[PDB]
Amino acid sequence: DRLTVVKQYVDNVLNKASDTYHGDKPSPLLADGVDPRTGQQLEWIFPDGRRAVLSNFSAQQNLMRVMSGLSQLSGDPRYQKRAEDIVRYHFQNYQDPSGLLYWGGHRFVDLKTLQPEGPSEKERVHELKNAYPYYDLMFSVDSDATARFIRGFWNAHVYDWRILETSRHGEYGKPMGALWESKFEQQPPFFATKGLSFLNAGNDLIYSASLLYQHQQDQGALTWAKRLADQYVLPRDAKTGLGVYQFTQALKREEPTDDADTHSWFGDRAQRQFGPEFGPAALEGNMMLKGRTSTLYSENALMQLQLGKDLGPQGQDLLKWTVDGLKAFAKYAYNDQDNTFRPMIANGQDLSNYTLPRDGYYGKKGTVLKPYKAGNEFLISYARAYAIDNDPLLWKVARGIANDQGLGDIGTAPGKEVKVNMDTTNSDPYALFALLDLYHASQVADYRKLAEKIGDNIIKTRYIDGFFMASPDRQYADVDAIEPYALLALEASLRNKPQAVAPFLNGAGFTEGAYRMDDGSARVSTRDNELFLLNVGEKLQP
Ligand SMILES: O=C(O)[C@H]1O[C@H](O[C@@H]2[C@H](O)[C@@H](O)[C@@H](O[C@@H]3[C@H](O)[C@@H](O)[C@@H](O[C@@H]4[C@H](O)[C@@H](O)[C@@H](O)O[C@@H]4C(=O)O)O[C@@H]3C(=O)O)O[C@@H]2C(=O)O)[C@H](O)[C@@H](O)[C@H]1O
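27 is the number of the first residue of the sequence shown in the deposited numbering; add one for each residue after it.
Rendered as structure tokens:
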């Protein structure tokens, strides 16, 4: 059974990733990473050589959903109970008086000492970027503590409520301001602000406020969630409908002297690097480049499609704008000849094969911006958008991605001339999720049969030494792996209990800071993502 495999996997996590540092009185907390061969837990190395075991709860919210779903499908409540216990322990010990948790991009807990840590000295701050924590679980454990987190998050990350100047960073220990009662005055697109309104953090603000509305009927939270979503729609290009990654531009407070110094207070970084050749349209929010387009057309889209459906009638504008943007991205950026997206500016400018003429935020001089393959995360976006709006343009992208990914032909339309590859070797959990979405909307048996094949591939090739890994050579397994999440969604579908498993929004966590090299030097801006890419015998490079 796929269910038996996931049960064994979570048992393995609760064994090997657990607190082994406090004798017979362990905390319930878990290590983010485990070498599945030895059980060595993934460590962060601080400037004096001290090693902490990385326990970052924001990087365990897929695992929390896996544990809740496993308990729902198996009937064994022990996994749900442990997930609750971990949540409770964080509210009890790792929630500041302002409501913020010691988690996120720049804070975590050392499993050995159980103290909060700050791996980025200049950034001892709260940061969520495309995190999408499992607030449904948190509310069921402690609704007051969860609401305090969500309000404290907005309180710290909204720099100016009058104009909705937002920030990807928030300070700890701030007193509560006027919050949802703040007066608001809509500003024109790309107004200049100090705060950086990146949509990865914007995604987490919108999502959290929407969940506070869902659980506590907080109309202020909903008003500002929709208003913040609006902020990313208003500056979209009037002709193409493309964009945007942010709705403000950096306030220029100093004249730059070097292209390679890309600090935001020298002004919009895209205008510096592309302005001379491309004109005023070159703004950071308009740069439809790899990575940014995942935040916009994957993470933002999945969350807003589900939120739009949840809101019923007052969610119709959100659904329309979310689908409209996916149509714009398909119409301008997707190349059906080879399943690539073109790097672009939101005014419709193609940047395919453009050589950067100067250093800057988007690469060194001589960097070539290339079309990039459309991954299976976009197969999910276009599948779910098609279910809401059966536009052949959306189907075209889904069909192109699936074909490029070795899945065969999902058809000229749902159920029409379907020729899927039942011998596919694909083991991507994103493809499994997407096929389940195609199946749910169309009820075409071949889509779930293919999903079962991908599930079997995941177990055959990625279930290694009791953990899930993207390659058998990887040094560390991530306890937040989404392979078991996809397997549980498949089991839930086959058992006619899709609501047993939380909706997949493609959230994840990361930890970023200085990491000490063996020669004692500081490797700045090291991410745990990089540690999870290492194979056996590999080390981080300077
Ligand atoms: O591969 C990618 O392109 C990358 O895109 C996204 O990450 C973005 C940047 O690449 C990443 O470095 C970070 O940058 C911001 C800010 O733009 C940058 O200047 C820097 O901020 C400095 C300073 O480091 C801060 O401590 C503080 O002093 O403010 C300064 C400033 O310039 O204002 O670091 C910032 C940050 O860490 O947030 O984030 C960018 C983003 O868009 O989030 C993806 O997130 C990343 O995964 C990758 O795909």
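By construction, the Cβ of each residue, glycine as well, lies at the ideal position given by its N, Cα and C atoms.
Distance CB(residue i)-CB(residue j) smaller than 8 angstroms
i, j, result
"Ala-276", "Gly-293", "yes"
"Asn-226", "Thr-321", "yes"
"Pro-145", "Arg-542", "no"
"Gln-87", "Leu-56", "no"
"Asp-554", "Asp-58", "yes"
"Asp-506", "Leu-205", "no"
"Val-167", "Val-113", "yes"
"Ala-157", "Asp-230", "yes"
"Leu-260", "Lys-353", "no"
"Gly-311", "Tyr-271", "yes"
"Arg-488", "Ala-496", "yes"
"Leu-333", "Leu-315", "no"
"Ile-427", "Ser-453", "no"
"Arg-194", "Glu-147", "no"
"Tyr-161", "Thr-172", "yes"
Residue i - DSSP class collapsed to helix/strand/coil
i, result
"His-289", "coil"
"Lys-445", "strand"
"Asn-82", "coil"
"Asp-136", "strand"
"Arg-104", "helix"
"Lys-51", "coil"
"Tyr-198", "coil"
"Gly-546", "coil"
"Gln-212", "coil"
"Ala-372", "coil"
"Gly-432", "coil"
"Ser-94", "helix"
"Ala-204", "coil"
"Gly-338", "helix"
"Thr-192", "strand"
"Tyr-115", "helix"
"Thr-283", "coil"
"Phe-179", "helix"
"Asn-88", "helix"
"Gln-330", "helix"
"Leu-56", "strand"
"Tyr-388", "coil"
"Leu-127", "strand"
"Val-562", "coil"
When the options are compared against residue i, the one with the closest alpha-carbon
i, options, result
"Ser-44", "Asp-27, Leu-80, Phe-72, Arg-63", "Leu-80"
"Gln-257", "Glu-197, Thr-348, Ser-320", "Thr-348"
"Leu-140", "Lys-33, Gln-118, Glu-153, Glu-207", "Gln-118"
"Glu-143", "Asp-454, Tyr-387, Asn-561, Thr-537", "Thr-537"
"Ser-53", "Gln-272, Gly-246, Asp-136", "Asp-136"
"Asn-429", "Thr-487, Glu-149, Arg-91, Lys-445", "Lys-445"
"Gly-539", "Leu-40, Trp-70, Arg-28, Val-31", "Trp-70"
"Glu-191", "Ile-176, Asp-364, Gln-212", "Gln-212"
"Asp-385", "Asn-561, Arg-295, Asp-336, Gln-431", "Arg-295"
"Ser-236", "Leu-248, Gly-228, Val-270", "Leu-248"
"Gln-98", "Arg-425, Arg-549, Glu-517", "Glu-517"
"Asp-122", "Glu-310, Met-202, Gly-221", "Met-202"
"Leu-405", "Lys-390, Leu-377, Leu-464", "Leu-464"
"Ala-264", "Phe-224, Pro-510, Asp-350", "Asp-350"
"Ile-189", "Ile-490, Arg-253, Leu-462", "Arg-253"
"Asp-102", "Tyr-161, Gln-342, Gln-34", "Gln-34"
"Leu-461", "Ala-413, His-116, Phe-355, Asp-545", "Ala-413"
beta-carbon residue i near ligand 2 non-hydrogen atom, thresh 7 angstroms
i, result
"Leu-513", "As far as ligands go, the structure on display features ligand 1 and does not contain ligand 2."
Residue i burial status per 10 Å Cβ neighbour count (16 or more: buried)
i, result
"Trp-187", "buried"
"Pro-418", "exposed"
"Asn-361", "exposed"
"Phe-210", "exposed"
"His-48", "exposed"
"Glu-207", "exposed"
"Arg-279", "exposed"
"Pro-440", "buried"
"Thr-381", "exposed"
"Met-329", "buried"
"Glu-325", "buried"
"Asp-244", "buried"
"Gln-567", "exposed"
Exercise. Quick one: complete beta strand (DSSP E) runs, 3+ long, within the stretch 298-325?
Worked result: none
- prompt: Mind pulling the alpha helix (DSSP H) runs of 4 or more residues that sit fully within the stretch 447-482?
  reply: 455-468
query: Which full runs of the alpha helix (DSSP H) of 4+ residues lie inside the stretch 394-426, going along the chain?
result: 402-414
Length at least 3, wholly inside the stretch 498-546: the beta strand (DSSP E) runs in chain order: 538-542
| task | Just list the beta strand (DSSP E) runs in the stretch 213-277, keeping only unbroken ones of 3 residues or longer that don't cross its boundaries, in chain order. | result | 217-219, 274-276
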